[PDB]
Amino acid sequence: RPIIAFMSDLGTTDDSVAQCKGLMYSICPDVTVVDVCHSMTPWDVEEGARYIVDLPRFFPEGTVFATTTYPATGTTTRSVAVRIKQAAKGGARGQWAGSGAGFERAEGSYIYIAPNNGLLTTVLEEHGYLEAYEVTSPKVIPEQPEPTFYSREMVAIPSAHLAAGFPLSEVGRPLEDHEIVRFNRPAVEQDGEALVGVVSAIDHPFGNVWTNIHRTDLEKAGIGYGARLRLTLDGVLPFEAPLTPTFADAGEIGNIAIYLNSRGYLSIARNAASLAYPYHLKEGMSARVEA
């Protein structure tokens, strides 16, 4: 029952994703292919990252993560292939995933395959890694790769060999740490008592606002559930509510709820209504909070 979780920027409007899928079923007949999603803002390693980092704990051990935006397609760049260390708890409390106490996942049990363009930056910081190879072997990639379609040549295809039990260390030479491209995560800055950060995501389709202030940033400024907070966005729009577990706590439909999202981050929303869209709020806007 080998599984591939597939995340790309290819979209769902044409056959691009189907092609990789065919090659996946062709290379590894027992495989199950799981779409993560294919709508990510193209060439955006940063937004890509957030769609792939929280996945491991949800998935059966042995799962192979094919994750690709490939703006450097057709050049001499080459994919990176890594077994991650810690499967890693997550959520708003930090716990394993599933029924009961959740399923605990053994160490070193997932492999990510991706452009070496910093797509994995956060996956690496949060899960760490056991081993890292450059994807070069003609047994796992095409001899004559489609110049403009490396997401399929250099990620979808070798991912399937990986699903079909190809020895990881045979994909190419070991990559050393400095050789794995990284993107810079900007930090939560202090400023008085207030923690200062940014809107990381509009949580579609609900229109919820996610921020890059983690609970750890919060529960280290001594902010916990129950505190009246002032959250200011775009520099100009203040908001006031207690930090609550979820949306129905804000009371009436339309009320403002400040919560920790399912990925562990400070968030703000309207209770059963969209916050972002009516006010046209967006990713990258400033976001400051204080008790």
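Note that the rigid core is defined as the largest set of C-alphas that superpose within 1.5 Å between two forms. When you see a residue number, it is the position in the sequence shown, counting from 1.
Colleague: Is 190 to 198 or 205 to 213 the stretch whose C-alphas end up farther from this model in 8 other deposited structures of this protein after a rigid core fit?
Modeller: Checking 190 to 198 against 205 to 213 in 8 other deposited structures of this protein, I find the farther stretch is 190 to 198.
Colleague: Taking the root mean square of C-alpha distances over all structures and residues in 8 other deposited structures of this protein, with a rigid core superposition, name the larger of 84 to 92 and 156 to 164.
Modeller: Once the core is superposed, the stretch further away in 8 other deposited structures of this protein is 84 to 92.
Colleague: Looking at the deposited entry, does 121 to 129 or 88 to 96 carry the larger mean Cα B-factor?
Modeller: So the stretch with the higher mean C-alpha B-factor is 88 to 96.
Colleague: Mean C-alpha B factor from the entry: is it higher for 97 to 105 or for 215 to 223?
Modeller: Mean B over CA atoms: larger for 215 to 223.
Colleague: For the C-alpha B-factor as written in the entry, point me to the maximum among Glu240, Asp35, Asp54, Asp249.
Modeller: If I rank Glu240, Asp35, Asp54, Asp249 by C-alpha B-factor, first place goes to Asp35.
Colleague: Out of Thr244, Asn255, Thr41, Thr67, which residue has the highest Cα temperature factor in the PDB record?
Modeller: Highest C-alpha B-factor among the listed residues goes to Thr41.
Colleague: Compared with the other modelled residues in the chain, in which third is the CA B-factor of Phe183?
Modeller: Highest third, going by the recorded CA B-factors of the chain.
Colleague: Lowest, middle or highest third: where is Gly192 by C-alpha B factor in its chain?
Modeller: For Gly192, the deposited C-alpha B-factor lands in the highest third.
Colleague: Divide the modelled residues of the chain into thirds by Cα B-factor and specify which third, lowest, middle or highest, holds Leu266.
Modeller: Ranked within chain, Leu266 CA B lands in the lowest tercile.
Colleague: What third of the chain does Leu23 rank in for C-alpha temperature factor, lowest, middle or highest?
Modeller: As the PDB entry reports it, the C-alpha B-factor of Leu23 lands in the middle third of its chain.
Colleague: Lowest, middle or highest third of the chain for the C-alpha temperature factor of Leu10?
Modeller: For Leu10, whose C-alpha B-factor we compare with every modelled residue in the chain, the answer is the lowest third.
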